[PDB]
Amino acid sequence: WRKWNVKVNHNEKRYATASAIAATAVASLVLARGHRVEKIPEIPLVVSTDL
Amino acid sequence: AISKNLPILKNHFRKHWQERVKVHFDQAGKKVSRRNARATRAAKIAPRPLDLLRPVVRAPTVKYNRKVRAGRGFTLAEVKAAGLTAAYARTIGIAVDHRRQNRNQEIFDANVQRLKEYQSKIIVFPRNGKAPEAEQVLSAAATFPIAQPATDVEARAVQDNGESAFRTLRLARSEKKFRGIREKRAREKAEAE
Amino acid sequence: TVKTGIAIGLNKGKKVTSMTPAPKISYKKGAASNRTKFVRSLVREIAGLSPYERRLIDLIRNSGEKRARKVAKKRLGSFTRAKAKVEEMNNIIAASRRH
Amino acid sequence: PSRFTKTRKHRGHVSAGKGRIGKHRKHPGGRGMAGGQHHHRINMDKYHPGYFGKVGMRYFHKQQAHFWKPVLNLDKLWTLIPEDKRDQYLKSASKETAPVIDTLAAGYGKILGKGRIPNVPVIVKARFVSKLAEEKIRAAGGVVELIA
Amino acid sequence: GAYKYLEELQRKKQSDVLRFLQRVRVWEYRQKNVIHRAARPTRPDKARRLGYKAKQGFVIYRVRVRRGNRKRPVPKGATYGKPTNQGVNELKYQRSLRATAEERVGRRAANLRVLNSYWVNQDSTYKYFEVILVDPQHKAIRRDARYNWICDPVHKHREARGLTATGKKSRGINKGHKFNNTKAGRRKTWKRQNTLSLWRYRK
RNA sequence: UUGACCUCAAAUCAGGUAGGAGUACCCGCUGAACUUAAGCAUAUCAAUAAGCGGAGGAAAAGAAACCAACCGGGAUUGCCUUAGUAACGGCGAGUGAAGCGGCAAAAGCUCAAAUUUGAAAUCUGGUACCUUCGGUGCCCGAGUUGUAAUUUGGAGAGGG
RNA sequence: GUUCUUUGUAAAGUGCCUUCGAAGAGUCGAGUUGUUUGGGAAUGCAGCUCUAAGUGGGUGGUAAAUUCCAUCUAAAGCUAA
RNA sequence: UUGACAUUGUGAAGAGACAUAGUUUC
Ligand SMILES: [Mg+2]
Ligand SMILES: [Mg+2]
Ligand SMILES: [Mg+2]
Ligand SMILES: [Mg+2]
Ligand SMILES: [Mg+2]
Ligand SMILES: [Mg+2]
Ligand SMILES: [Mg+2]
Ligand SMILES: [Mg+2]
Ligand SMILES: [Mg+2]
Ligand SMILES: [Mg+2]
Ligand SMILES: [Mg+2]
Ligand SMILES: [Mg+2]
Ligand SMILES: [Mg+2]
Ligand SMILES: [Mg+2]
Ligand SMILES: [Mg+2]
Ligand SMILES: [Mg+2]
Ligand SMILES: [Mg+2]
Ligand SMILES: [Mg+2]
Ligand SMILES: [Mg+2]
Ligand SMILES: [Mg+2]
Ligand SMILES: [Mg+2]
Ligand SMILES: [Mg+2]
Ligand SMILES: [Mg+2]
Ligand SMILES: [Mg+2]
Ligand SMILES: [Mg+2]
Ligand SMILES: [Mg+2]
Ligand SMILES: [Mg+2]
Ligand SMILES: [Mg+2]
Ligand SMILES: [Mg+2]
Ligand SMILES: [Mg+2]
Ligand SMILES: [Mg+2]
Ligand SMILES: [Mg+2]
Ligand SMILES: [Mg+2]
Ligand SMILES: [Mg+2]
Ligand SMILES: [Mg+2]
Ligand SMILES: [Mg+2]
Ligand SMILES: [Mg+2]
Ligand SMILES: [Mg+2]
Ligand SMILES: [Mg+2]
Ligand SMILES: [Mg+2]
Ligand SMILES: [Mg+2]
Ligand SMILES: [Mg+2]
Ligand SMILES: [Mg+2]
Ligand SMILES: [Mg+2]
Ligand SMILES: [Mg+2]
Ligand SMILES: [Mg+2]
Ligand SMILES: [Mg+2]
Ligand SMILES: [Mg+2]
Ligand SMILES: [Mg+2]
């Protein structure tokens, strides 16, 4: 009966996921964070819907 | 073990509590099964819904009479009135209830009318075992959403005959309180030979 | 009823156009019948009065309904049945020995 | 958690910051609220005046819900009306058409009057009013409608 | 029907007739053994409303249980405990005589199932009962759609688990406020209101 | 003398059933003290442990001698709440539930008491035969001190 | 899905008039004693004494007498999730 | 140990009440 799971505020979860999303633009970060994007078209990467 | 300016807490862990401790580790593993076992019913129970038609019903006590909430079953009265014997209407996925009683017209009719809309928006199949497959709406009470009944307009003319409301509340208050004492002052009033 | 319409008063409550429903018989579980009237009155005459019942009727003759109530109020459950019980007697009295 | 915790810091410190002179034994006071009236009485009286004894009447089988009665002040009142529709009424308000508000249906039991509503007629249905409440309603040119 | 008359008559228990009976009957019951089977029931009307039937496989046993309180069976009175519990003599058994009646017979005829039981007579040493039992092996029953419920294994020794009328009484199961303590059936409901509901996302 | 009937016995009578085990969970009985109270007797630990009886895949509860006091609700179980609240207690230490509301799941019913009385309409068993979890013919038995049909309070019955 | 026997001079459903309408006792209840309960002039349980009624009966969380009102129908029974 | 009540029923003389007819009580 340890406290295993955590209650996170439903609204932060968003502000978090949102913030998380905004950075998957931001060249520098994606780069900084692993990810060989050293030379992809433009950030964000948008491929065809045919994918 | 009294110290500092804290509240006085009353935590009841003096029995052998470590023994009866229900962690719901299986919260997930119950949803799933519940889902899994609802689906099998829909599947089994043919093109029928999962629920029965429940009636409106106004809720008890001071607190909750404001609003009107789904019911138990429909009362031999409503049932009859929308033109079916219960015994049958129990096989048409309606909920009946010999215990509820009808003392409210507005609420009566609502039900009996709500009873109409059902017989309408359904279909029964023949006996014959000839299954003309139709496809199931899952939830009767999804299709027939019990709603709150509006009781006025948004705007109207102001009607001030002048009488405080307050004081007619204050007064009604009195009237009840001395209802008894007044009544003895007539009994006693009549006692005068 | 018809309610005042206000939330305290000598007939509190929201006003509604009323309905009054057909009645239950489970609301007559007490009520007599002519069967049970016969069977009960008849079994009486066979089996008769019991120990207290005897001394109850005599109490009523030689000591009014006041001592008879109070007496039987200790014999039986309590006061109200004691009351209805002495009743039964003035009748068994009036019945036979009287009119 | 365990690594921001102090008991990590006291490691190698003999007495765990519990003291050498008077240690950390089992239950010095007694347990819980023991000696309320005796060795721990300074801390009761002050910090907890009133703790011992008894006042009032008993109520057998009280059930709140009985005494239900949210209170709403004139203070708000206009909040009970949905926003857009609200300006509509503030400008252009008099008899003939003044807005109706079901304080019961909002879920309040009583209206108290906590000062200052605009000079606008409003028709107010509630189960209970303050004498002032209902006064400063009249002041606007609304009236109060009593219900259940 | 004769029954309704029997019904009525047995409510005049201190009636001259009935108490003649009651003394001649009670003395007979005493000269037999304590557990002993009866030919026909002695209250056909009562037996029958408790669910009796005159077809094969319906048994009636008659049994004897002493009155009194339960003497705490401690040696010399000796309690070795606190003194709220020094209780030896004014102590009285949660189950009823009738309950201890049903048990001692249902033990006696394991194979039958106890349906129900009714009071017949007491004296100063004894209350006497007739217990009615059903052979749930016996064919006439199994095919009788009305009783064959009894033939299920979940009614094995219903009289010891307190599932007869009397046990259900004793056990305190009725709806409503006078029975909050016992109704869902005491300990189950205790243990309920004595468990710690800890959820995943602690409320 | 022959024939029953009641009650009671006996068979290595014909066919069956109970026991012991297990016991996490369940229905009961019985029943502590360590402990807390800074001592201790009530209280507390606890309607716990030990001991005893009885079931199941769940058990139990269950279609109201209910909750209420409303504009009333409507079998039972469980969860979220109610609430560490109303109440209990050397009113001390400690205790401590219910009605409502949301949800999960939902499902309803059976007798006794009734004259079939122009027909005991009911049933175990034995047996023969067959389409064998059973069916029919037939005999013995059961049963009127009442086996079926009918009715179960929401009703419902009989005449029209 | 099919296929065969039609269970029937059977069985059930509803509308008006009429007469009725049976409903569980050493129980309910009462006193006492012990127990237990949050239940407080007493929550359930049990033992002994007392022991009903049929416009009755139980409940309505402060004892009683009186008058009402409200609500259900005990003392037998089955049942899935 | 002692009293009340329950098991506990049937006669007879004597006491006790409607207050010197016999249902009731020792
Ligand atoms: Mg706890
Ligand atoms: Mg559902
Ligand atoms: Mg078909
Ligand atoms: Mg950490
Ligand atoms: Mg921590
Ligand atoms: Mg560190
Ligand atoms: Mg440090
Ligand atoms: Mg260190
Ligand atoms: Mg060291
Ligand atoms: Mg420190
Ligand atoms: Mg040290
Ligand atoms: Mg020191
Ligand atoms: Mg206190
Ligand atoms: Mg305010
Ligand atoms: Mg036999
Ligand atoms: Mg001990
Ligand atoms: Mg004690
Ligand atoms: Mg004896
Ligand atoms: Mg409790
Ligand atoms: Mg937390
Ligand atoms: Mg043999
Ligand atoms: Mg065993
Ligand atoms: Mg104990
Ligand atoms: Mg402890
Ligand atoms: Mg310990
Ligand atoms: Mg101590
Ligand atoms: Mg100590
Ligand atoms: Mg000590
Ligand atoms: Mg205790
Ligand atoms: Mg144990
Ligand atoms: Mg098994
Ligand atoms: Mg299951
Ligand atoms: Mg079951
Ligand atoms: Mg019912
Ligand atoms: Mg309910
Ligand atoms: Mg405290
Ligand atoms: Mg406790
Ligand atoms: Mg609910
Ligand atoms: Mg069913
Ligand atoms: Mg009944
Ligand atoms: Mg007591
Ligand atoms: Mg005990
Ligand atoms: Mg008590
Ligand atoms: Mg009273
Ligand atoms: Mg009602
Ligand atoms: Mg049955
Ligand atoms: Mg059951
Ligand atoms: Mg099963
Ligand atoms: Mg003596």
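Residues numbered from 1 in each chain as written, not as in the entry; some residues may be left out. Chains lettered and ligands numbered in written order. Part of a larger assembly, values for the part shown. Heavy atoms only, no water.

- For this deposition, the record names X-ray crystallography as the technique by which the model was determined and cites 3.4500 Å as its resolution.

**Here we look at the pairing of strand β5 (residues 143-146) of chain D**
Residue and element names in this part refer to chain D.
Reasoning step 1: Pairing of strand β4 (residues 123-126) with β5, which is carried by four bridges, proceeds in the parallel orientation. The residue of β5 that forms the bridge with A126 is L146.
Reasoning step 2: In this region the chain leaves β4, passes through helix α3 (residues 131-138) and returns to the parallel neighbour β5; the handedness of that crossover is right-handed. (Pairing = 2+ DSSP bridges. Helix = DSSP H or I, 4+ residues; strand = E, 2+ residues; numbered from the N terminus. Right-handed = clockwise from strand over helix to strand, strands pointing away.)

**Considering the protein's contact with RNA strand F**
Reasoning step 1: The immediate surroundings of RNA strand F are formed by 116 residues, with B:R58, B:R99, C:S26, E:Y3 and E:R187 found nearest.
Reasoning step 2: E:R192 is positioned with one of its side-chain polar atoms (N or O) 3.0 Å from a phosphate oxygen of RNA strand F.
Reasoning step 3: Contributing elements (two or more residues each) for the surface near RNA strand F: α1 (27-44) and α2 (61-64) of chain B together with α1 (2-9), α3 (44-49), α5 (139-142) and α7 (186-192) of chain E.
Reasoning step 4: Element by element, the count of residues in the surface near RNA strand F is highest for α7(E), at six residues.
Reasoning step 5: Each residue belonging to the surface near RNA strand F can be placed in one class, and the counts come to 30 nonpolar, 35 polar and 51 charged. (Near = heavy atom within 4 Å. Polar contact = N/O pair within 3.5 Å; in protein donor to acceptor, adjacent residues only side chain to side chain. Nonpolar A, V, L, I, M, F, W, Y, C, P; charged D, E, K, R; others polar.)

**Describing the arrangement of the chains**
Reasoning step 1: There are seven pairs of chains in contact here; the most contacts are made by chains B and D.
Reasoning step 2: Regarding chain A and chain C, which are not in contact, the minimum distance between any of their C-alpha atoms is 41 Å.
Reasoning step 3: For chain D and chain E, which are not in contact, the least C-alpha distance works out to 11 Å. (Contact = heavy atoms within 4.5 Å.)

**Digging into the environment of E:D152**
Reasoning step 1: Relative to the elements of secondary structure, E:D152 occurs in the loop between α5 and α6 (165-170).
Reasoning step 2: Between the alpha carbons of E:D152 and E:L91 there is a distance of 37 Å; along the sequence they are 61 residues apart.

**Remarks on the protein's contact with RNA strand G**
Reasoning step 1: Surveying the vicinity of RNA strand G reveals 71 residues, the closest of which are C:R75, E:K4, E:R43, E:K92 and E:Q94.
Reasoning step 2: Within the contact set of RNA strand G, a phosphate oxygen lies 3.1 Å away from a backbone nitrogen or oxygen of E:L97.
Reasoning step 3: Secondary structure elements with two or more residues in the surface near RNA strand G: α1 (34-47), α3 (64-75) and α4 (79-98) of chain C together with α1, α3, α4 (97-106), β3 (113-122) and α6 of chain E.
Reasoning step 4: Residues of the surface near RNA strand G, tallied by class, amount to 16 nonpolar, 24 polar and 31 charged.

**Focus: the sheet that holds β5(D)**
Reasoning step 1: Across the sheet, four strands lie side by side as β2(B)-β2(D)-β4(D)-β5(D); this open sheet has mixed pairing. Only two strands of the sheet have a single partner each, and these edge strands are β2 (155-156) of chain B together with β5 of chain D.

**Comments concerning the nonpolar core**
Reasoning step 1: Core analysis: the biggest nonpolar cluster contains 23 residues, and D:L74, D:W78, D:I111, D:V129 and D:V144 have the highest contact counts within it.
Reasoning step 2: Secondary-structure elements contributing two or more residues to this core are β4 and α3 of chain D.
Reasoning step 3: Every residue in contact with D:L74, bar those within four places of it in the chain, is listed here: D:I111, D:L112, D:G113, D:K114, D:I117, D:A133, D:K136 and D:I137.
Reasoning step 4: Counting 19 residues, the second-largest nonpolar core is a separate cluster that includes E:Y29, E:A47, E:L115 and E:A140. (Core = buried A, V, L, I, M, F, W, Y, C linked by side-chain atoms within 4.5 Å. Buried < 20%, exposed > 50% of the residue type's maximum accessible area, 1.4 Å probe, protein only.)

**Remarks on the packing of aromatic side chains**
Reasoning step 1: Enumeration according to the criterion identifies nine aromatic pairs over all chains in this entry.
Reasoning step 2: Pairing B:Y118 with B:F144 gives two aromatic rings, centres 5.9 Å apart and planes at 70°, and the pair type is edge-to-face. In this pair, B:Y118 sits in helix α5 (residues 105-121) while B:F144 sits in the loop between α6 (140-143) and β2, placing the two residues 26 residues apart along the sequence. Accessibility classification places B:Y118 together with B:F144 in one group, the buried group.
Reasoning step 3: An aromatic cluster is defined as three or more aromatic residues linked by ring pairs; in this entry it consists of A:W1, B:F13 and B:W17.
Reasoning step 4: Directly above the ring of B:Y64 sits B:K63, whose terminal nitrogen or CZ lies 5.6 Å from the centroid. (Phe/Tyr/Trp six-rings, centres within 6.5 Å; stacked < 30°, edge-to-face > 60°. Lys NZ or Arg CZ within 6 Å of the ring centre and 35° of its normal.)

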